[PDB]
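These notes are about the structure you will find just below.
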Amino acid sequence: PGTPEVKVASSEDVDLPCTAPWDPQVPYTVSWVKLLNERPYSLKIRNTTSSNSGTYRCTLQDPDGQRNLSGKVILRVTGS
Amino acid sequence: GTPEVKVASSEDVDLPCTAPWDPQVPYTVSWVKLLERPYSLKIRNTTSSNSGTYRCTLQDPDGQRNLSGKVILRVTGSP
């Protein structure tokens with residue numbers, strides 16, 4: 001393991017936290033994938049269902065120069 | 001420049017890597033969703049939730065290089 005986890009009840013909205021250890025005062029762009037709110041860079045998922053459960057990865061790109069930062073998070077949807 | 005697939009719900013689909021890869025190079029493959037043929041992604045019994053944009057990533061065995069391409073899936077039906 002070592003990957004933090006979010007649990008949410010089915011049909012609820014969720015704001016998925018980006019877990020990349022990012023630098024303050026850097027203006028990242030964000031990408032989100034699935035591996036097969038005042039928190040920056042979170043991914044909003046509305047009306048969650050069971051099929052949404054799985055592992056997600058956010059990646060932050062510096063606008064200047066070729067550098068990025070990635071972190072993972074687990075989602076578990078619990079209800080029918 | 002990115003291709004799209006339409007499929008009837010509950011039908012299977014094999015999602016193609018669209019990376020312009022070299023024949024005879026032995027890549028390993030990863031697949032993500034953006035929120036026998038080598039390197040394809042298998043998806044059985046499609047439903048509407050499967051619709052979206054997908055990305056294959058082929059890794060060169062040397063580890064220093066990879067090549068990716070994206071593809072869209074649209075699941076359709078009547079009810």
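Simple scheme: letters A, B, ... for chains in structure tokens order, numbers from 1 for residues in each chain, numbers from 1 for ligands in the order shown.
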Contacts from chain A to chain B, 9 Å maximum, only C-alpha atoms: show me the residue list as a PyMOL selection string. chain A and resi 31-36+43+51-52
Please produce an output containing N, CA, C and O atoms for each residue in the selection, written as a PDB file, in the first residue's frame.
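again06.pdb written:
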ATOM      1  N   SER A  31      -3.174  17.506 -14.647  1.00  0.00           N
ATOM      2  CA  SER A  31      -3.825  16.426 -15.370  1.00  0.00           C
ATOM      3  C   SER A  31      -4.290  15.357 -14.377  1.00  0.00           C
ATOM      4  O   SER A  31      -3.624  15.126 -13.368  1.00  0.00           O
ATOM      5  N   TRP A  32      -5.391  14.670 -14.675  1.00  0.00           N
ATOM      6  CA  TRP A  32      -5.824  13.570 -13.819  1.00  0.00           C
ATOM      7  C   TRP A  32      -6.064  12.352 -14.693  1.00  0.00           C
ATOM      8  O   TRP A  32      -6.632  12.460 -15.784  1.00  0.00           O
ATOM      9  N   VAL A  33      -5.656  11.186 -14.201  1.00  0.00           N
ATOM     10  CA  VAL A  33      -6.023   9.914 -14.809  1.00  0.00           C
ATOM     11  C   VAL A  33      -6.533   8.847 -13.849  1.00  0.00           C
ATOM     12  O   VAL A  33      -6.297   8.921 -12.647  1.00  0.00           O
ATOM     13  N   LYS A  34      -7.260   7.868 -14.377  1.00  0.00           N
ATOM     14  CA  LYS A  34      -7.570   6.662 -13.613  1.00  0.00           C
ATOM     15  C   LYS A  34      -6.653   5.513 -14.055  1.00  0.00           C
ATOM     16  O   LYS A  34      -6.553   5.212 -15.243  1.00  0.00           O
ATOM     17  N   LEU A  35      -5.998   4.872 -13.097  1.00  0.00           N
ATOM     18  CA  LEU A  35      -5.078   3.765 -13.364  1.00  0.00           C
ATOM     19  C   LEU A  35      -5.784   2.421 -13.502  1.00  0.00           C
ATOM     20  O   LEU A  35      -6.518   1.980 -12.616  1.00  0.00           O
ATOM     21  N   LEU A  36      -5.559   1.793 -14.653  1.00  0.00           N
ATOM     22  CA  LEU A  36      -6.253   0.582 -15.052  1.00  0.00           C
ATOM     23  C   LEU A  36      -5.326  -0.628 -15.073  1.00  0.00           C
ATOM     24  O   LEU A  36      -4.443  -0.736 -15.924  1.00  0.00           O
ATOM     25  N   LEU A  43      -9.719  16.948  -8.076  1.00  0.00           N
ATOM     26  CA  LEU A  43     -10.604  16.558  -9.161  1.00  0.00           C
ATOM     27  C   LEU A  43     -12.022  16.335  -8.647  1.00  0.00           C
ATOM     28  O   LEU A  43     -12.232  15.487  -7.780  1.00  0.00           O
ATOM     29  N   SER A  51     -18.754   2.063  -9.811  1.00  0.00           N
ATOM     30  CA  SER A  51     -17.795   1.892 -10.895  1.00  0.00           C
ATOM     31  C   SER A  51     -16.623   2.870 -10.799  1.00  0.00           C
ATOM     32  O   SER A  51     -15.558   2.629 -11.370  1.00  0.00           O
ATOM     33  N   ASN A  52     -16.823   3.965 -10.069  1.00  0.00           N
ATOM     34  CA  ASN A  52     -15.779   4.971  -9.864  1.00  0.00           C
ATOM     35  C   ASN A  52     -14.612   4.544  -8.979  1.00  0.00           C
ATOM     36  O   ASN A  52     -13.539   5.141  -9.045  1.00  0.00           O
TER      37      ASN A  52
END
Surrounding residues of residue B:39 excluding itself and chain neighbours under 2 positions, 9 Å, only C-alpha atoms, as a PDB file with N, CA, C and O atoms, in the first residue's frame:
ATOM      1  N   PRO B  16      -7.278   0.341 -29.184  1.00  0.00           N
ATOM      2  CA  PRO B  16      -6.015   0.376 -29.925  1.00  0.00           C
ATOM      3  C   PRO B  16      -5.030   1.373 -29.342  1.00  0.00           C
ATOM      4  O   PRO B  16      -5.421   2.496 -29.027  1.00  0.00           O
ATOM      5  N   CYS B  17      -3.773   0.983 -29.194  1.00  0.00           N
ATOM      6  CA  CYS B  17      -2.773   1.984 -28.880  1.00  0.00           C
ATOM      7  C   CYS B  17      -2.572   2.792 -30.154  1.00  0.00           C
ATOM      8  O   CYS B  17      -2.374   2.226 -31.224  1.00  0.00           O
ATOM      9  N   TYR B  27       7.961  -3.267 -26.393  1.00  0.00           N
ATOM     10  CA  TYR B  27       7.457  -2.333 -25.393  1.00  0.00           C
ATOM     11  C   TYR B  27       6.711  -3.034 -24.264  1.00  0.00           C
ATOM     12  O   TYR B  27       6.155  -4.117 -24.454  1.00  0.00           O
ATOM     13  N   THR B  28       6.708  -2.417 -23.088  1.00  0.00           N
ATOM     14  CA  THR B  28       5.706  -2.747 -22.085  1.00  0.00           C
ATOM     15  C   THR B  28       4.645  -1.656 -22.158  1.00  0.00           C
ATOM     16  O   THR B  28       4.941  -0.521 -22.535  1.00  0.00           O
ATOM     17  N   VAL B  29       3.410  -1.993 -21.803  1.00  0.00           N
ATOM     18  CA  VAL B  29       2.319  -1.033 -21.928  1.00  0.00           C
ATOM     19  C   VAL B  29       1.598  -0.680 -20.628  1.00  0.00           C
ATOM     20  O   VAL B  29       1.398  -1.522 -19.754  1.00  0.00           O
ATOM     21  N   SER B  30       1.246   0.595 -20.506  1.00  0.00           N
ATOM     22  CA  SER B  30       0.364   1.074 -19.452  1.00  0.00           C
ATOM     23  C   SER B  30      -0.845   1.754 -20.086  1.00  0.00           C
ATOM     24  O   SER B  30      -0.723   2.357 -21.150  1.00  0.00           O
ATOM     25  N   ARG B  37      -3.620  -8.963 -31.229  1.00  0.00           N
ATOM     26  CA  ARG B  37      -2.860  -7.729 -31.463  1.00  0.00           C
ATOM     27  C   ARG B  37      -2.055  -7.193 -30.294  1.00  0.00           C
ATOM     28  O   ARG B  37      -2.610  -6.947 -29.215  1.00  0.00           O
ATOM     29  N   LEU B  41      -5.944  -2.550 -25.573  1.00  0.00           N
ATOM     30  CA  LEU B  41      -6.605  -2.557 -24.267  1.00  0.00           C
ATOM     31  C   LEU B  41      -7.952  -3.276 -24.370  1.00  0.00           C
ATOM     32  O   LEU B  41      -8.812  -2.836 -25.134  1.00  0.00           O
ATOM     33  N   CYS B  56      -2.803   5.244 -23.999  1.00  0.00           N
ATOM     34  CA  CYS B  56      -1.843   4.167 -23.874  1.00  0.00           C
ATOM     35  C   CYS B  56      -0.462   4.773 -23.770  1.00  0.00           C
ATOM     36  O   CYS B  56      -0.180   5.801 -24.383  1.00  0.00           O
ATOM     37  N   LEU B  58       3.509   3.373 -24.113  1.00  0.00           N
ATOM     38  CA  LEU B  58       4.462   2.309 -24.392  1.00  0.00           C
ATOM     39  C   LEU B  58       5.826   2.698 -23.856  1.00  0.00           C
ATOM     40  O   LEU B  58       6.364   3.743 -24.220  1.00  0.00           O
TER      41      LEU B  58
END
Fill in: Selection near stretch 66-75 of chain B, 8 Å with only C-alpha atoms, sequence-local residues under 4 positions removed, as an MDAnalysis selection string
chainID B and resid 2:9 15:21 46:60
Selected residues written out with N, CA, C and O atoms, as a compact mmCIF listing (two decimals), in the first residue's frame:
# COMPACT_ATOMS: atom_id res chain seq x y z
N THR B 2 -6.65 13.09 -32.79
CA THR B 2 -6.96 11.94 -31.92
C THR B 2 -8.22 11.19 -32.36
O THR B 2 -9.29 11.79 -32.48
N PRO B 3 -8.10 9.87 -32.60
CA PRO B 3 -9.22 9.05 -33.08
C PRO B 3 -10.33 8.76 -32.06
O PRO B 3 -10.08 8.82 -30.86
N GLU B 4 -11.52 8.43 -32.55
CA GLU B 4 -12.67 8.17 -31.69
C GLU B 4 -13.31 6.82 -32.03
O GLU B 4 -13.43 6.46 -33.20
N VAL B 5 -13.71 6.07 -31.01
CA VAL B 5 -14.45 4.82 -31.19
C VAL B 5 -15.90 4.87 -30.72
O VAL B 5 -16.15 5.20 -29.56
N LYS B 6 -16.86 4.53 -31.58
CA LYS B 6 -18.23 4.36 -31.09
C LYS B 6 -18.60 2.88 -31.03
O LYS B 6 -18.37 2.14 -31.98
N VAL B 7 -19.18 2.47 -29.91
CA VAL B 7 -19.58 1.08 -29.72
C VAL B 7 -20.96 0.96 -29.07
O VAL B 7 -21.31 1.73 -28.18
N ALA B 8 -21.75 -0.02 -29.51
CA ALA B 8 -23.04 -0.28 -28.89
C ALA B 8 -22.83 -0.88 -27.50
O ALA B 8 -22.04 -1.81 -27.36
N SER B 9 -23.52 -0.35 -26.50
CA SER B 9 -23.44 -0.86 -25.12
C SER B 9 -23.53 -2.38 -25.04
O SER B 9 -24.22 -3.00 -25.85
N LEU B 15 -9.54 -1.52 -27.34
CA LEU B 15 -9.00 -0.19 -27.56
C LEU B 15 -7.54 -0.25 -28.01
O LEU B 15 -6.68 -0.82 -27.34
N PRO B 16 -7.28 0.34 -29.18
CA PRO B 16 -6.01 0.38 -29.93
C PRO B 16 -5.03 1.37 -29.34
O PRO B 16 -5.42 2.50 -29.03
N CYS B 17 -3.77 0.98 -29.19
CA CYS B 17 -2.77 1.98 -28.88
C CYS B 17 -2.57 2.79 -30.15
O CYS B 17 -2.37 2.23 -31.22
N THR B 18 -2.63 4.11 -30.04
CA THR B 18 -2.45 4.96 -31.22
C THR B 18 -1.09 5.62 -31.27
O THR B 18 -0.84 6.50 -32.09
N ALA B 19 -0.21 5.21 -30.35
CA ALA B 19 1.17 5.66 -30.37
C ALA B 19 1.79 5.16 -31.66
O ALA B 19 1.63 3.99 -32.02
N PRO B 20 2.51 6.03 -32.38
CA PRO B 20 3.07 5.54 -33.64
C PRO B 20 4.29 4.66 -33.38
O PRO B 20 5.42 5.08 -33.59
N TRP B 21 4.05 3.44 -32.91
CA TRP B 21 5.13 2.64 -32.36
C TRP B 21 5.86 1.89 -33.45
O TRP B 21 5.36 1.75 -34.57
N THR B 46 -19.39 -3.33 -22.41
CA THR B 46 -19.44 -1.88 -22.25
C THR B 46 -20.75 -1.34 -21.71
O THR B 46 -21.84 -1.85 -22.00
N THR B 47 -20.63 -0.29 -20.91
CA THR B 47 -21.75 0.48 -20.40
C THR B 47 -21.43 1.94 -20.61
O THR B 47 -20.30 2.28 -20.97
N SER B 48 -22.41 2.81 -20.39
CA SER B 48 -22.25 4.23 -20.65
C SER B 48 -21.07 4.84 -19.89
O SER B 48 -20.42 5.76 -20.38
N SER B 49 -20.81 4.33 -18.70
CA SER B 49 -19.75 4.86 -17.86
C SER B 49 -18.36 4.65 -18.45
O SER B 49 -17.40 5.33 -18.08
N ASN B 50 -18.23 3.69 -19.36
CA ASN B 50 -16.95 3.43 -20.02
C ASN B 50 -16.53 4.52 -20.99
O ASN B 50 -15.35 4.63 -21.33
N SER B 51 -17.49 5.31 -21.44
CA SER B 51 -17.22 6.42 -22.34
C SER B 51 -16.22 7.40 -21.74
O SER B 51 -16.23 7.67 -20.54
N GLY B 52 -15.33 7.91 -22.59
CA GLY B 52 -14.33 8.86 -22.15
C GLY B 52 -13.09 8.80 -23.01
O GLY B 52 -13.08 8.16 -24.06
N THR B 53 -12.04 9.47 -22.58
CA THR B 53 -10.80 9.51 -23.34
C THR B 53 -9.75 8.62 -22.68
O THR B 53 -9.55 8.71 -21.47
N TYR B 54 -9.08 7.77 -23.45
CA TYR B 54 -8.10 6.85 -22.88
C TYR B 54 -6.72 7.09 -23.46
O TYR B 54 -6.58 7.58 -24.58
N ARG B 55 -5.69 6.73 -22.70
CA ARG B 55 -4.30 6.91 -23.10
C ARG B 55 -3.44 5.68 -22.92
O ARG B 55 -3.35 5.13 -21.82
N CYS B 56 -2.80 5.24 -24.00
CA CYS B 56 -1.84 4.17 -23.87
C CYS B 56 -0.46 4.77 -23.77
O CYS B 56 -0.18 5.80 -24.38
N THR B 57 0.39 4.15 -22.97
CA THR B 57 1.78 4.55 -22.91
C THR B 57 2.68 3.33 -23.08
O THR B 57 2.61 2.38 -22.30
N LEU B 58 3.51 3.37 -24.11
CA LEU B 58 4.46 2.31 -24.39
C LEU B 58 5.83 2.70 -23.86
O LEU B 58 6.36 3.74 -24.22
N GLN B 59 6.40 1.85 -23.01
CA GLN B 59 7.71 2.15 -22.45
C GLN B 59 8.80 1.37 -23.17
O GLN B 59 8.71 0.15 -23.34
N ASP B 60 9.83 2.09 -23.59
CA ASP B 60 11.02 1.51 -24.19
C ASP B 60 11.72 0.72 -23.10
O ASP B 60 11.77 1.18 -21.95
### Task
Pick out each residue of stretch 12-64 of chain B that DSSP on the backbone tags as strand (DSSP E or B); I need them as a count of residues only.
21
Counting only C-alpha atoms, closest pick from A:64, A:28, A:71, A:42 relative to residue A:2 is A:71
Excluding residue B:14 and its own-chain neighbours fewer than 6 positions away, which residues fall within 7 Å of it when counting only C-alpha atoms? Please give them as a compact mmCIF listing (two decimals) with C-alpha atoms, in the first residue's frame.
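around-v4.txt, written as the output of this step:
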# COMPACT_ATOMS: atom_id res chain seq x y z
CA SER B 40 -4.35 -3.38 -27.23
CA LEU B 41 -6.60 -2.56 -24.27
CA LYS B 42 -9.45 -5.06 -23.71
CA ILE B 43 -12.88 -3.82 -22.53
Note to self: Under the rule that only C-alpha atoms are counted, which of A:10, A:59, A:29, A:19 is the nearest residue to residue A:47?
What the structure shows: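 Closest to residue A:47, using only C-alpha atoms: A:10.
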Which neighbours of residue A:76 fall inside 10 Å, counting only C-alpha atoms, when residues of the same chain fewer than 3 positions from it are skipped, and could you give them as a list in words?
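Counting only C-alpha atoms, the residues come to residues 5, 6, 7, 8, 9, 10, 48, 49, 50, 51, 52, 53, 54, 55 and 79 of chain A.
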